[PDB]
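# could you work out the structure for the sequence below:
(one chain, ligands or ions: 2)
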Amino acid sequence: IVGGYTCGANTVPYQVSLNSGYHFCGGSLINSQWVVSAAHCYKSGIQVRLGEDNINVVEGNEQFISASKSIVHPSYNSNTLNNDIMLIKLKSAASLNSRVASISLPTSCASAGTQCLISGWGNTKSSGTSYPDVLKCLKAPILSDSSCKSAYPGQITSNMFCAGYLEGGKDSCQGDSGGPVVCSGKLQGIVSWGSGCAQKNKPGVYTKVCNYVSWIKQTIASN
Ligand SMILES: Cc1ccc(S(=O)(=O)N[C@@H](Cc2cccc(C(=N)N)c2)C(=O)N2CCCCC2)cc1
Ligand SMILES: [Ca+2]
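Residues are numbered from 1 along each chain as shown. Ligands and ions are numbered 1, 2, ... in the order given. Pasting the structure now:
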């Protein structure tokens, strides 16, 4: 996250780290056995790490659980990043508690101007790399459709929205992929892509989760 702040340990209790011997993507716990993340985070050999703050130290409250299956949306397009959403089933259920908790799915889409919280262990630098130990947070508004499409002509589908700051300096970045955009208690977005990180006039682009709520529900009900 570029331009954000240290969240505070376990203050974002639905935030997950996907790990294969190192953190590679975030995700969101939506019930005790299922995580939503981005399709471009798909890999084999995923351990889901719950209740994390410092990802390099065992501090207490962590739960490490292997993925038993990862379900990439059948219409995921890796060239356009359209339908950039994946569901991960845990090998066993997480213990829910104050520090490990589900986030609610939306019942409607959010409006432009809605303020949201984005979080992750991704790169904190626009130019170089610096990966944090602890979880970073960024408050960001959802941008209007027309501003989003002006920023990225021809590249924004109805399953994408922009959020962040056109002046630059505040954005998600590499390694935040798959993580939550939460607006008034509901998971509205998944960190998907952007040009660079925190560049002027190039906001972050996020999978629009309200378009996927019945697919998520029907998929979980059959698996
Ligand atoms: C299709 C695509 C678009 C943009 C890039 S990127 O190197 O400019 N920017 C990266 C880094 C990134 C990741 C997540 C969010 C942002 C952001 N600027 N909000 C940026 C990207 O979009 N990624 C998502 C796709 C997989 C590689 C990582 C690379 C590939
Ligand atoms: Ca830890």
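# the spatially most central residue of the chain and residue 99: what is the separation?
The centroid of the chain falls nearest to residue 179 when counting by Cα atoms, centre = their mean (1.6 Å). Distance of residue 179 to residue 99, given as Cβ to Cβ, to the nearest Å: 17 Å. C-beta: built from backbone N, CA, C; applies to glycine.
# could you do residue 44 as well?
28 Å.
# neighbour count: these two, which is higher?
Applying other Cβ atoms under 10 Å to residue 44 and residue 99 shows that residue 99 carries more neighbours, namely 18 against 7.
# which residues touch the more buried one?
Listed by Cβ atoms under 8 Å, 6 or more residues apart in numbering, the contact set of residue 99 reads 10, 13, 51, 61.
# residue 53 is in contact with the first one, correct?
If I follow you right, that is residue 10. Yes: Residue 10 is within contact range of residue 53, at 6.1 Å (criterion: Cβ atoms under 8 Å).
# the more surrounded of the two?
Between residue 10 and residue 53, counted using other Cβ under 10 Å, residue 53 has the larger neighbour count: 22 against 19.
# show me what contacts that one?
So, once contact is read as Cβ under 8 Å, 6+ apart, residue 53 ends up touching 7, 9, 10, 59, 134, 135.
# the protein - how does it break down into domains?
Per curated CATH domains, the structural domains of the chain span 1-12+103-210, 13-102+211-223.
# the first one near ligand 2 at all?
No: remark: domain 1-12+103-210 sits outside contact range of ligand 2, by Cβ under 5 Å from the ion, the gap being at least 8.8 Å.
# is that domain up against ligand 1 anywhere?
Yes: under the criterion of Cβ under 6 Å from any ligand atom, ligand 1 is reached by domain 1-12+103-210 at 171-174, 176-177, 191, 193-197, 204.
# what about the strands in the protein?
In the chain, the segments counted as strands under DSSP state E are 5-6, 15-19, 23-31, 34-37, 47-50, 63-72, 86-90, 115-120, 136-141, 160-163, 180-183, 186-193, 204-208.
# adding mean neighbour count, write those strands out as CSV.
As requested, the strands of the chain are exported to CSV (neighbours: other Cβ atoms under 10 Å):
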stretch, mean neighbour count
strand 5-6, 12
strand 15-19, 25
strand 23-31, 23
strand 34-37, 26
strand 47-50, 20
strand 63-72, 16
strand 86-90, 22
strand 115-120, 23
strand 136-141, 20
strand 160-163, 26
strand 180-183, 26
strand 186-193, 25
strand 204-208, 28
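# of all those, which one comes closest to residue 220?
Residue 220 lies closest, by Cβ to Cβ, to one member of those: strand 34-37, at 5.7 Å.
# mind checking how far that closest one is from the chain centre?
Distance of strand 34-37 from its chain centroid, counting by Cα atoms, centre = their mean, to the nearest Å, is 9 Å.
# cool, stretch 97-112 as well?
12 Å.
# now do stretch 89-96
That offset, for stretch 89-96, works out to 19 Å (Cα atoms, centre = their mean).
# can I get that stretch as PDB, trimmed to CA atoms?
This file holds the C-alpha atoms of stretch 89-96, laid out as PDB (Å, rounded to 0.1, in the frame of the first residue of the first chain):
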ATOM      1  CA  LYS A  89     -11.900 -23.400   0.300                       C
ATOM      2  CA  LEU A  90     -10.000 -24.000   3.600                       C
ATOM      3  CA  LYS A  91      -9.000 -27.600   4.500                       C
ATOM      4  CA  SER A  92     -10.700 -27.000   7.800                       C
ATOM      5  CA  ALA A  93     -12.800 -24.200   9.300                       C
ATOM      6  CA  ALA A  94     -11.100 -21.200  10.900                       C
ATOM      7  CA  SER A  95     -11.800 -20.500  14.600                       C
ATOM      8  CA  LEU A  96     -13.700 -17.200  14.500                       C
END
